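Working notes, beginning with the structure itself.
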Amino acid sequence: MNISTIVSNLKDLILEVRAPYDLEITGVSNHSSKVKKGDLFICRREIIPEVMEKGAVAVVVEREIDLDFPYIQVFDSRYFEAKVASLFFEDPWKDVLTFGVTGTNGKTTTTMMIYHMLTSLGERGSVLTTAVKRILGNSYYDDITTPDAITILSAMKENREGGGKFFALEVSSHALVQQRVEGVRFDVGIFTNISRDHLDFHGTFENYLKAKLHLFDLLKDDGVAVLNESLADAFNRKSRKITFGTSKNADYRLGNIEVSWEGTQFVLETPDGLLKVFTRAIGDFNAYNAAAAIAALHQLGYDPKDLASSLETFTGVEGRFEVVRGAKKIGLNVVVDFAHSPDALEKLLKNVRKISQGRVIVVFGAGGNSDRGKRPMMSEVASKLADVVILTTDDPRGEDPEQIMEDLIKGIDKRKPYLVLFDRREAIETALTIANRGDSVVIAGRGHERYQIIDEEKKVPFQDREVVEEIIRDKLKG
Ligand SMILES: Nc1ncnc2c1ncn2[C@@H]1O[C@H](COP(=O)(O)OP(=O)(O)O)[C@@H](O)[C@H]1O
Ligand SMILES: [Mg+2]
């Protein structure tokens, strides 16, 4: 990539070029920590001198630099980033069936199903969500809540070069703001749901919604919008719509949801046929995720029946309704989830409620340095929908843990039996003991998380699911 190529292709973003038509560019980077030699560095709104010695050929910037150094000055750094990136990796999206999945809820599950449902129906590609990155064959499991434009596009160019014709990507409501995914074009576009409350919230609801529709700008004029029925009319653009839902007039229409410890069983009316679907993952919410997929997928002449038979193998996402099926070995069934909203909490308990023929006991705490006030109402939820509530320490990052517990304690209905134990290890041990023949013990807050973060920097090992299994191995022992 010449600078001549950049300027040429992307001229209108660029305000002023003070740089040789020459400076071949070898890579792109956003953090100083990460600069290679020859890369172009993009300075987001002192460091300039630093990043140049580290080996930077030139630097993008939003205001006048005034330094001896080769620099493209742009109208909007962050946008520019996306766009450049798309070039330097050479638009990896044209060659690969790309999927973007946004919504308030169900991003990860829906994306992961797509992923699973393609590999499983034979095929090779790549997924990239919050919870699971699989870069080609590799499941490079690691640090992916802080990806930018370059990291995503990077990872789509491994996919294509390594010969996969599809990339399944979760489009965070966050990420549409960054503009992380602005240099992309998607072949399909799933929009799962939208909350009218004050979950996932920026402005009013219209600002909240509009920003989530933007995805469909970023959509190939070839490809399709896969929409929730309840958002039918909101679709302000002019492209292919496929609806799903329960209304009798949605393109794909899902029916008799039947959640049980074997999983969600539902019945989906495709607009050419009709079929049983069984996912193994538990939760009624899992039917609008499944439906959204069998739609998007089958909107490319994949035989439905066969797609539907895919979902059978899908056993949820690690840390999301993870049943410790290995607990029946005692006398109990145990659920690990990650719920850190009043909301996910409620959904969970209702589902364990439906599915559980017995008492439901809930171990949870709250994370340091999220909302301080959404805390006592998290307890409020659990105080209602659960027979016994065991309150334990979570990841009190910065926060002093006993100054979290106070905040949580207010929402507990003091009339019902609640129990407070500040050591997660003992909370869990206890709940297993006080719970009976065939009760359900649910542990929330953490999920697949691998350490408990007490100190900003000082953290001990604690895998929620595993400690459970540990205590069970120990009880059975004697
Ligand atoms: N279609 C849906 N409608 C309502 N709630 C959902 C849906 N899909 C998932 N959820 C719930 O929302 C929470 C987060 O969903 P998740 O699959 O993690 O998407 P995200 O990655 O956007 O959080 C989960 O605890 C789950 O119970
Ligand atoms: Mg998420």
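By convention here, the chains of the structure tokens are called A, B, ... in the order presented, each chain's residues are numbered starting at 1, and ligands are numbered starting at 1 in the order presented.
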
Handout entry: Residue set, segment 74-217 of chain A restricted to strand (DSSP E), as a list in words
Key =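 Taking segment 74-217 of chain A and keeping strand (DSSP E) gives residues 74, 97, 98, 99, 100, 101, 102, 126, 127, 128, 133, 134, 166, 167, 168, 169, 170, 186, 187, 188, 189, 190 and 191 of chain A.
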
Handout entry: For residue 248 of chain A: contacts at 12 Å, only C-alpha atoms, fewer than 3 positions along chain excluded, given as a VMD selection string
Key = chain A and resid 229 to 230 243 to 245 251 to 255 268 to 271

Practice task
Tell me, as a list in words, which residues lie within 12 Å of segment 328-332 of chain A, counting only C-alpha atoms; anything in the same chain fewer than 6 positions away does not count.
Solution key: residues 261, 356, 357, 358, 359, 360, 361, 431, 432, 433, 434, 435, 436, 437, 438, 439, 440, 441, 442, 468, 469, 471, 472, 473, 474, 475, 476, 477 and 478 of chain A

Requested write-out: N, CA and C atoms of the selected residues, as a PDB file, in the first residue's frame:
```pdb
ATOM      1  N   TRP A 261     -35.280 -29.577  31.130  1.00  0.00           N
ATOM      2  CA  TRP A 261     -33.832 -29.757  31.383  1.00  0.00           C
ATOM      3  C   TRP A 261     -33.118 -30.375  30.170  1.00  0.00           C
ATOM      4  N   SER A 356     -37.782 -26.255  36.796  1.00  0.00           N
ATOM      5  CA  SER A 356     -37.524 -26.919  38.092  1.00  0.00           C
ATOM      6  C   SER A 356     -38.790 -27.360  38.810  1.00  0.00           C
ATOM      7  N   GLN A 357     -38.856 -28.656  39.099  1.00  0.00           N
ATOM      8  CA  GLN A 357     -39.914 -29.219  39.919  1.00  0.00           C
ATOM      9  C   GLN A 357     -39.378 -29.321  41.345  1.00  0.00           C
ATOM     10  N   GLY A 358     -39.303 -28.184  42.027  1.00  0.00           N
ATOM     11  CA  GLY A 358     -38.685 -28.120  43.342  1.00  0.00           C
ATOM     12  C   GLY A 358     -38.265 -26.719  43.757  1.00  0.00           C
ATOM     13  N   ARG A 359     -37.455 -26.645  44.808  1.00  0.00           N
ATOM     14  CA  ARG A 359     -37.018 -25.365  45.358  1.00  0.00           C
ATOM     15  C   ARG A 359     -35.832 -24.786  44.584  1.00  0.00           C
ATOM     16  N   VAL A 360     -35.775 -23.457  44.521  1.00  0.00           N
ATOM     17  CA  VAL A 360     -34.763 -22.741  43.736  1.00  0.00           C
ATOM     18  C   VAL A 360     -33.959 -21.807  44.619  1.00  0.00           C
ATOM     19  N   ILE A 361     -32.673 -22.102  44.795  1.00  0.00           N
ATOM     20  CA  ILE A 361     -31.815 -21.328  45.688  1.00  0.00           C
ATOM     21  C   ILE A 361     -30.744 -20.552  44.921  1.00  0.00           C
ATOM     22  N   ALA A 431     -24.895 -23.514  50.056  1.00  0.00           N
ATOM     23  CA  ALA A 431     -26.115 -23.655  49.261  1.00  0.00           C
ATOM     24  C   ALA A 431     -26.300 -25.096  48.847  1.00  0.00           C
ATOM     25  N   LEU A 432     -25.204 -25.773  48.566  1.00  0.00           N
ATOM     26  CA  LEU A 432     -25.320 -27.159  48.199  1.00  0.00           C
ATOM     27  C   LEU A 432     -25.840 -27.995  49.363  1.00  0.00           C
ATOM     28  N   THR A 433     -25.484 -27.610  50.589  1.00  0.00           N
ATOM     29  CA  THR A 433     -25.836 -28.388  51.782  1.00  0.00           C
ATOM     30  C   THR A 433     -27.266 -28.164  52.236  1.00  0.00           C
ATOM     31  N   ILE A 434     -27.689 -26.907  52.273  1.00  0.00           N
ATOM     32  CA  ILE A 434     -29.046 -26.558  52.709  1.00  0.00           C
ATOM     33  C   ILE A 434     -30.124 -26.864  51.664  1.00  0.00           C
ATOM     34  N   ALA A 435     -29.698 -27.221  50.464  1.00  0.00           N
ATOM     35  CA  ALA A 435     -30.637 -27.547  49.416  1.00  0.00           C
ATOM     36  C   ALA A 435     -30.902 -29.047  49.421  1.00  0.00           C
ATOM     37  N   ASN A 436     -32.117 -29.417  49.022  1.00  0.00           N
ATOM     38  CA  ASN A 436     -32.658 -30.725  49.343  1.00  0.00           C
ATOM     39  C   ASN A 436     -32.582 -31.721  48.210  1.00  0.00           C
ATOM     40  N   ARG A 437     -33.327 -32.805  48.383  1.00  0.00           N
ATOM     41  CA  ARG A 437     -33.570 -33.761  47.329  1.00  0.00           C
ATOM     42  C   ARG A 437     -34.184 -33.016  46.148  1.00  0.00           C
ATOM     43  N   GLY A 438     -33.410 -32.859  45.084  1.00  0.00           N
ATOM     44  CA  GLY A 438     -33.952 -32.381  43.817  1.00  0.00           C
ATOM     45  C   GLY A 438     -34.291 -30.908  43.754  1.00  0.00           C
ATOM     46  N   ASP A 439     -33.671 -30.120  44.616  1.00  0.00           N
ATOM     47  CA  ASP A 439     -33.765 -28.677  44.505  1.00  0.00           C
ATOM     48  C   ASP A 439     -32.859 -28.223  43.385  1.00  0.00           C
ATOM     49  N   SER A 440     -32.945 -26.942  43.050  1.00  0.00           N
ATOM     50  CA  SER A 440     -32.043 -26.346  42.087  1.00  0.00           C
ATOM     51  C   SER A 440     -31.229 -25.253  42.739  1.00  0.00           C
ATOM     52  N   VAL A 441     -29.926 -25.335  42.564  1.00  0.00           N
ATOM     53  CA  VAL A 441     -29.045 -24.303  43.029  1.00  0.00           C
ATOM     54  C   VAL A 441     -28.514 -23.538  41.825  1.00  0.00           C
ATOM     55  N   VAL A 442     -28.757 -22.238  41.811  1.00  0.00           N
ATOM     56  CA  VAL A 442     -28.264 -21.390  40.757  1.00  0.00           C
ATOM     57  C   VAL A 442     -27.198 -20.459  41.302  1.00  0.00           C
ATOM     58  N   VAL A 468     -17.714 -25.792  41.951  1.00  0.00           N
ATOM     59  CA  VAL A 468     -18.897 -26.617  42.210  1.00  0.00           C
ATOM     60  C   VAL A 468     -18.520 -28.064  42.023  1.00  0.00           C
ATOM     61  N   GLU A 469     -18.035 -28.398  40.836  1.00  0.00           N
ATOM     62  CA  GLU A 469     -17.698 -29.778  40.555  1.00  0.00           C
ATOM     63  C   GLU A 469     -16.736 -30.307  41.622  1.00  0.00           C
ATOM     64  N   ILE A 471     -16.409 -29.456  44.923  1.00  0.00           N
ATOM     65  CA  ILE A 471     -17.173 -29.720  46.134  1.00  0.00           C
ATOM     66  C   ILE A 471     -18.037 -30.973  46.056  1.00  0.00           C
ATOM     67  N   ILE A 472     -18.539 -31.261  44.867  1.00  0.00           N
ATOM     68  CA  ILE A 472     -19.291 -32.470  44.622  1.00  0.00           C
ATOM     69  C   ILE A 472     -18.392 -33.703  44.631  1.00  0.00           C
ATOM     70  N   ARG A 473     -17.181 -33.566  44.097  1.00  0.00           N
ATOM     71  CA  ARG A 473     -16.239 -34.692  44.057  1.00  0.00           C
ATOM     72  C   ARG A 473     -15.892 -35.036  45.484  1.00  0.00           C
ATOM     73  N   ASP A 474     -15.777 -33.984  46.276  1.00  0.00           N
ATOM     74  CA  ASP A 474     -15.478 -34.086  47.678  1.00  0.00           C
ATOM     75  C   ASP A 474     -16.622 -34.699  48.537  1.00  0.00           C
ATOM     76  N   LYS A 475     -17.873 -34.341  48.259  1.00  0.00           N
ATOM     77  CA  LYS A 475     -19.005 -34.845  49.037  1.00  0.00           C
ATOM     78  C   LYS A 475     -19.244 -36.305  48.759  1.00  0.00           C
ATOM     79  N   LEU A 476     -19.196 -36.660  47.477  1.00  0.00           N
ATOM     80  CA  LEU A 476     -19.333 -38.047  47.057  1.00  0.00           C
ATOM     81  C   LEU A 476     -18.205 -38.907  47.639  1.00  0.00           C
ATOM     82  N   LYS A 477     -16.978 -38.380  47.611  1.00  0.00           N
ATOM     83  CA  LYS A 477     -15.837 -39.035  48.254  1.00  0.00           C
ATOM     84  C   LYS A 477     -16.222 -39.748  49.551  1.00  0.00           C
ATOM     85  N   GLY A 478     -17.053 -39.086  50.367  1.00  0.00           N
ATOM     86  CA  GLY A 478     -17.526 -39.629  51.654  1.00  0.00           C
ATOM     87  C   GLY A 478     -19.033 -39.503  51.846  1.00  0.00           C
TER      88      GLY A 478
END
```

Practice task
Based on DSSP run over this structure's backbone, return all residues of segment 71-146 of chain A in alpha helix (DSSP H), as a VMD selection string.
Solution key: chain A and resid 77 to 88 107 to 119

Exercise for the section: Could you please extract the residues within 9 Å of ligand 2, counting only C-alpha atoms and all ligand atoms, and hand them back as an NGL selection string? Expected result: :A and (104-108 or 129-131 or 145 or 170 or 172)

Exercise for the section: Considering only C-alpha atoms, return as a ChimeraX atom specification whatever protein or nucleic-acid residues lie within 9 Å of residue 340 of chain A, sequence-local ones (same chain, fewer than 6 positions apart) excluded. Expected result: /A:365-367,378,444-446

Handout entry: Test item: residues no farther than 9 Å from ligand 1, counting only C-alpha atoms and all ligand atoms, as a ChimeraX atom specification
Key = /A:102-111,129-131,170-173,192-195,283-290,292,317,320-321,337-341,343-348

Practice task
Please provide the set of residues having any atom within 10 Å of segment 43-54 of chain A, restricted to only C-alpha atoms, with same-chain residues fewer than 4 positions apart removed, written as number ranges by chain.
Solution key: A: 29-39, 58-63, 65, 67-70, 73, 76-78, 81

May I have the residues from that selection written out with N, CA, C and O atoms, as a short mmCIF file (atom, residue, chain, number, x, y, z; two decimals), in the first residue's frame?
```cif
data_model
loop_
_atom_site.label_atom_id
_atom_site.label_comp_id
_atom_site.auth_asym_id
_atom_site.auth_seq_id
_atom_site.Cartn_x
_atom_site.Cartn_y
_atom_site.Cartn_z
N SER A 29 -1.93 0.60 13.09
CA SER A 29 -2.06 0.44 14.55
C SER A 29 -2.60 1.67 15.29
O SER A 29 -2.41 2.81 14.88
N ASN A 30 -3.26 1.39 16.41
CA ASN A 30 -4.03 2.38 17.12
C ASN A 30 -3.41 2.69 18.48
O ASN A 30 -3.36 3.85 18.89
N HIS A 31 -2.95 1.65 19.17
CA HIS A 31 -2.22 1.79 20.43
C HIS A 31 -0.72 1.96 20.16
O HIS A 31 -0.19 1.39 19.21
N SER A 32 -0.05 2.73 21.02
CA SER A 32 1.41 2.84 20.99
C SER A 32 2.07 1.50 21.29
O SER A 32 2.87 0.99 20.50
N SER A 33 1.71 0.92 22.43
CA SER A 33 2.11 -0.44 22.80
C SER A 33 2.30 -1.38 21.62
O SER A 33 3.16 -2.26 21.66
N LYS A 34 1.50 -1.20 20.57
CA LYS A 34 1.38 -2.19 19.49
C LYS A 34 2.08 -1.87 18.16
O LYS A 34 2.04 -2.69 17.24
N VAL A 35 2.72 -0.70 18.05
CA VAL A 35 3.28 -0.29 16.76
C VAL A 35 4.39 -1.21 16.28
O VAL A 35 5.31 -1.55 17.04
N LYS A 36 4.28 -1.64 15.03
CA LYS A 36 5.36 -2.33 14.36
C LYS A 36 6.20 -1.31 13.60
O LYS A 36 5.96 -0.11 13.70
N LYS A 37 7.18 -1.79 12.84
CA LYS A 37 8.01 -0.92 12.03
C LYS A 37 7.45 -0.83 10.61
O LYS A 37 7.37 -1.83 9.89
N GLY A 38 7.08 0.38 10.21
CA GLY A 38 6.48 0.63 8.91
C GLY A 38 4.99 0.89 8.99
O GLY A 38 4.37 1.35 8.02
N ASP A 39 4.41 0.59 10.14
CA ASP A 39 2.98 0.75 10.34
C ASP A 39 2.59 2.23 10.25
O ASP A 39 3.45 3.12 10.35
N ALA A 58 4.24 6.78 9.25
CA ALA A 58 3.45 8.02 9.32
C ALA A 58 2.28 7.94 10.30
O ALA A 58 1.94 6.85 10.80
N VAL A 59 1.67 9.08 10.56
CA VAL A 59 0.69 9.20 11.63
C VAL A 59 -0.57 9.99 11.17
O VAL A 59 -0.46 11.10 10.63
N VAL A 60 -1.76 9.41 11.37
CA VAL A 60 -3.05 10.08 11.13
C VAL A 60 -3.49 10.94 12.33
O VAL A 60 -3.34 10.54 13.48
N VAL A 61 -4.05 12.11 12.07
CA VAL A 61 -4.40 13.02 13.16
C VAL A 61 -5.52 14.03 12.82
O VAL A 61 -5.63 14.51 11.67
N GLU A 62 -6.33 14.37 13.82
CA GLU A 62 -7.53 15.18 13.60
C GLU A 62 -7.30 16.69 13.65
O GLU A 62 -8.05 17.43 13.01
N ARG A 63 -6.29 17.14 14.38
CA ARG A 63 -5.86 18.54 14.30
C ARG A 63 -4.41 18.72 13.87
O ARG A 63 -3.63 17.75 13.83
N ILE A 65 -0.71 18.99 13.50
CA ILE A 65 0.36 18.42 14.29
C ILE A 65 1.47 19.44 14.57
O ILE A 65 1.75 19.77 15.74
N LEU A 67 4.85 19.02 13.44
CA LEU A 67 6.08 18.28 13.72
C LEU A 67 6.65 17.67 12.44
O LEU A 67 5.91 17.31 11.53
N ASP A 68 7.97 17.57 12.39
CA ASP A 68 8.69 17.19 11.17
C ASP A 68 8.20 15.89 10.50
O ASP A 68 8.76 15.45 9.49
N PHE A 69 7.14 15.29 11.04
CA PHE A 69 6.83 13.89 10.77
C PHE A 69 5.73 13.72 9.72
O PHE A 69 4.74 14.46 9.75
N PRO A 70 5.90 12.75 8.79
CA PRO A 70 4.88 12.42 7.78
C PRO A 70 3.51 12.18 8.40
O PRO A 70 3.36 11.32 9.27
N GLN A 73 -3.80 14.21 7.86
CA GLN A 73 -4.76 14.80 8.78
C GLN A 73 -6.17 14.57 8.25
O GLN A 73 -6.46 14.85 7.08
N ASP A 76 -12.33 12.80 10.59
CA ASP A 76 -12.63 11.95 11.77
C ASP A 76 -11.73 10.71 11.90
O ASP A 76 -11.93 9.69 11.23
N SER A 77 -10.75 10.82 12.80
CA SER A 77 -9.76 9.78 13.02
C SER A 77 -10.43 8.41 13.03
O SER A 77 -10.08 7.54 12.23
N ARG A 78 -11.41 8.23 13.91
CA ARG A 78 -11.91 6.90 14.24
C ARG A 78 -12.60 6.29 13.04
O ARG A 78 -12.51 5.07 12.82
N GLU A 81 -9.96 5.34 10.47
CA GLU A 81 -9.44 4.04 10.87
C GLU A 81 -10.16 2.89 10.18
O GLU A 81 -9.54 2.09 9.47
#
```

Practice task
Go through A:420, A:467, A:213, A:113 and flag the residue nearest residue 235 of chain A, using only C-alpha atoms for the distances.
Solution key: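 Answer, going by the shortest atom-to-atom distance: A:213.
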
Fill in the blank from the handout: Among A:342, A:27, A:373, A:183, residue 42 of chain A is approached most closely, using only C-alpha atoms, by A:27

Exercise for the section: Might you pull out every residue within 6 Å of residue 165 of chain A, with only C-alpha atoms counted and same-chain residues fewer than 3 positions away left off, and present them as a list in words? Expected result: residues 96, 97 and 125 of chain A

Any chance you could export the current selection's C-alpha atoms as a PDB file, in the first residue's frame?
```pdb
ATOM      1  CA  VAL A  96     -16.704 -14.374   2.608  1.00  0.00           C
ATOM      2  CA  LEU A  97     -20.381 -14.689   3.737  1.00  0.00           C
ATOM      3  CA  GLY A 125     -15.296 -20.120   8.757  1.00  0.00           C
TER       4      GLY A 125
END
```

Completion exercise
Restricting to only C-alpha atoms, whichever of A:163, A:168, A:83, A:456 is closest to residue 128 of chain A is A:168

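Using only C-alpha atoms, the shortest contact distance between residue 383 of chain A and any of A:136, A:352, A:250, A:409 is found at A:409.
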
Find the residues near residue 464 of chain A: any atom within 10 Å, counting only C-alpha atoms, skip ones fewer than 6 places away on the same chain, and give them as a short mmCIF file (atom, residue, chain, number, x, y, z; two decimals) with N, CA and C atoms, in the first residue's frame.
```
data_model
loop_
_atom_site.label_atom_id
_atom_site.label_comp_id
_atom_site.auth_asym_id
_atom_site.auth_seq_id
_atom_site.Cartn_x
_atom_site.Cartn_y
_atom_site.Cartn_z
N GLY A 319 -20.99 -20.64 30.08
CA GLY A 319 -21.26 -19.58 31.03
C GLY A 319 -22.67 -19.02 30.91
N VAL A 336 -25.02 -22.76 36.42
CA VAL A 336 -24.08 -21.66 36.44
C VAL A 336 -24.53 -20.69 35.37
N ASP A 337 -24.71 -19.42 35.73
CA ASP A 337 -24.89 -18.35 34.74
C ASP A 337 -24.06 -17.11 35.09
N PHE A 338 -24.14 -16.08 34.24
CA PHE A 338 -23.31 -14.88 34.38
C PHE A 338 -24.05 -13.57 34.68
N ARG A 424 -17.05 -16.52 48.59
CA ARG A 424 -17.78 -17.18 47.52
C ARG A 424 -17.72 -18.69 47.65
N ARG A 425 -16.53 -19.16 48.02
CA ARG A 425 -16.27 -20.57 48.27
C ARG A 425 -17.27 -21.19 49.26
N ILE A 428 -21.13 -21.07 48.13
CA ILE A 428 -21.48 -22.18 47.25
C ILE A 428 -21.59 -23.48 48.05
N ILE A 443 -26.06 -20.38 40.62
CA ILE A 443 -25.00 -19.45 40.97
C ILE A 443 -24.82 -18.44 39.87
N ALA A 444 -24.98 -17.16 40.19
CA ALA A 444 -24.92 -16.13 39.17
C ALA A 444 -23.76 -15.18 39.38
N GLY A 445 -23.54 -14.31 38.40
CA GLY A 445 -22.66 -13.16 38.56
C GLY A 445 -21.41 -13.25 37.71
N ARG A 446 -20.91 -14.47 37.50
CA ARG A 446 -19.53 -14.65 37.05
C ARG A 446 -19.40 -15.45 35.76
N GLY A 447 -20.02 -16.62 35.71
CA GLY A 447 -20.03 -17.40 34.48
C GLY A 447 -18.75 -18.17 34.20
N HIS A 448 -18.23 -18.02 32.98
CA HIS A 448 -16.99 -18.71 32.61
C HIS A 448 -15.73 -18.03 33.12
N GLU A 449 -15.86 -16.81 33.61
CA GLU A 449 -14.76 -16.07 34.22
C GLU A 449 -13.78 -16.93 35.04
N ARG A 450 -12.49 -16.68 34.83
CA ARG A 450 -11.43 -17.61 35.21
C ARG A 450 -10.74 -17.22 36.52
N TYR A 451 -10.71 -15.93 36.83
CA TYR A 451 -10.23 -15.44 38.14
C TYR A 451 -11.29 -14.60 38.83
N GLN A 452 -11.25 -14.57 40.15
CA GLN A 452 -12.00 -13.59 40.93
C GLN A 452 -11.13 -12.33 41.14
#
```

Exercise for the section: For each of A:135, A:82, A:267, A:101, take the minimum atom-to-atom distance to residue 226 of chain A, counting only C-alpha atoms, then give the residue where this is smallest. Expected result: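 Closest candidate: A:101.
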
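You can rank A:211, A:57, A:293, A:72 by their closest distance to residue 10 of chain A using only C-alpha atoms, and at the top of that list sits A:72.
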